[PDB]
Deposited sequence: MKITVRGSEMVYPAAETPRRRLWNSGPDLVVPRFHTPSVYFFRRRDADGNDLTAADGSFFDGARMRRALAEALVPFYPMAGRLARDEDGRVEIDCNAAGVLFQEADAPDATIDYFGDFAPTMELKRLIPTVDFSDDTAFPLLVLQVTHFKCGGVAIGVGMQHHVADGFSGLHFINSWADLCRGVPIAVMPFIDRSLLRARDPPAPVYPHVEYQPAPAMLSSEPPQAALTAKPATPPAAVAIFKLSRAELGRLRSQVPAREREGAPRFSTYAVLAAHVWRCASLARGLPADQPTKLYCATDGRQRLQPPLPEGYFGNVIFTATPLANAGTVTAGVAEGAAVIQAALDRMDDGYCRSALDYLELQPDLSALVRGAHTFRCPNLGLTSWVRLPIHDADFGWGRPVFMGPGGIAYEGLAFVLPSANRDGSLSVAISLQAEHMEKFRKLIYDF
């Protein structure tokens, strides 16, 4: 489709902000080097047919948005900074207010329906500003593009460098930016001090942290194309999937989380689709929010990365045997993510000679392994700038196979969607397995 950029300027904070280097904790460091993409979609009508155009005739006015942005970058000032390194070469956030990129764009001939079910194909990359990554310290930490489509639809494309914050804090920012645009004040101010996640001195890990160890390889005696798709499960279908996993009665344990059950189903379908034999090890990466796992909990508004990863690992024979079998492995891995495990992780990271080596990429999630992230308890549909809530929010283009995302439904109908990337041949199979229960 045809998209032209009609305007692009750096936006700076609306007031004086602290000039300082912001220290990064271990979890702030073991993140992807380039911008993490996400996209919001908005329609001009509310499905009841109601026009969402404002009384002043506005609909995502770039000027009002840029205004509210500059304002949000005051409390959220690190978002306006750049990367940098200290004496020791440790990456940190140079809070220099070098600003965030804001672009407006037009898709003259296409409606947002061009994007269909909104699967995170690489077609979505067009909705986010292109970044020149030639210099770590050159590029802005946040780029934004508002694209206006034929028939009145709007996309907001977000590219955020994850050293500054995880998805939880990123959404806190986006939602605060929207709050201000809609004319409501920021409910929870960010708390900006990552020293709360410093390692103990001396470090004292008590687990080996399997989550940072190398992922299993295919058993031995050109990169295949990567397909991306999205699959919806109704509240009723999820209920039926759950009812297939016997409650832990004689056990006395709580029932498996819905997350563990759905994740086991996805892991199973992916492993079957990939044709893994029973003796093939496979590792699932489940990102976990440490904010409330740590004790005492971090301050409300804590601004940064607090991600700790549960990595269930089993032979494919176990995962493919049944959803119950996979769910038990997954729930056991989730259950070990307590305060002690998370603090041990901080110590483990402190002992590493090179954190950049633990960063996960295409090599981590390629067959036989898999990443699964849930956004189900994230406020991803709360970004109402004054012209309505999004009808969809998702990842903005998955470049390689082995990543899956669970997304709640915007209309609150209790449905979930699974967006996933696999090798093309495996996706062909997966399409026919995901609903086969």
Legend entry - In sequence order, the deposited-sequence ranges that have no modelled C-alpha atom: 222-232
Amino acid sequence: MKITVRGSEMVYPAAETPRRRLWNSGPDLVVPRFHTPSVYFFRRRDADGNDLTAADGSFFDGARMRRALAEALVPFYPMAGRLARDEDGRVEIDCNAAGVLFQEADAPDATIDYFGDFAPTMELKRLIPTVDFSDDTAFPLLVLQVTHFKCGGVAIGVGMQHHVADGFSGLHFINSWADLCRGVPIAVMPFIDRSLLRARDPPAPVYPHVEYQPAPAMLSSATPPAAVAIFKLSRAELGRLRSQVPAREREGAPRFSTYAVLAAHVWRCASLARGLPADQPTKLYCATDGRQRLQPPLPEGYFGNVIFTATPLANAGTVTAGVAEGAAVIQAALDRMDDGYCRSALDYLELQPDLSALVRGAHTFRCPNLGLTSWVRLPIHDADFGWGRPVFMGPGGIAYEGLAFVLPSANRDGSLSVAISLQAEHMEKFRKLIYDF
From here on, numbers count along this sequence of modelled residues.
Legend entry - Stretch with the higher entry mean CA B-factor, where the candidates are 90-98 and 348-356: 90-98
Inset, instruction - Mind pulling up the entry and telling me whether 231-239 or 320-328 has the higher mean Cα temperature factor? - result: 231-239
Inset, instruction - Could you tell me which one of 216, 157, 304, 140 shows the highest CA temperature factor in the PDB record? - result: 140
Inset, instruction - Choose from 166, 289, 338, 132 the residue with the greatest Cα B-factor as stated in the PDB record. - result: 132
Legend entry - Chain third (lowest, middle, highest) by recorded CA B-factor, residue given as residue 201: middle
Legend entry - Where the record places residue 382 (Cα B-factor, split into thirds across the chain): middle
Legend entry - Assigned third (lowest, middle, highest) for the C-alpha B factor of residue 398: middle
Inset, instruction - Sort the modelled residues of this chain by their C-alpha B factor and say whether residue 411 lands in the lowest, middle or highest third. - result: highest
Inset, instruction - Would you mind ranking residue 221 by its C-alpha B-factor against the rest of the chain and naming the third, lowest, middle or highest? - result: highest
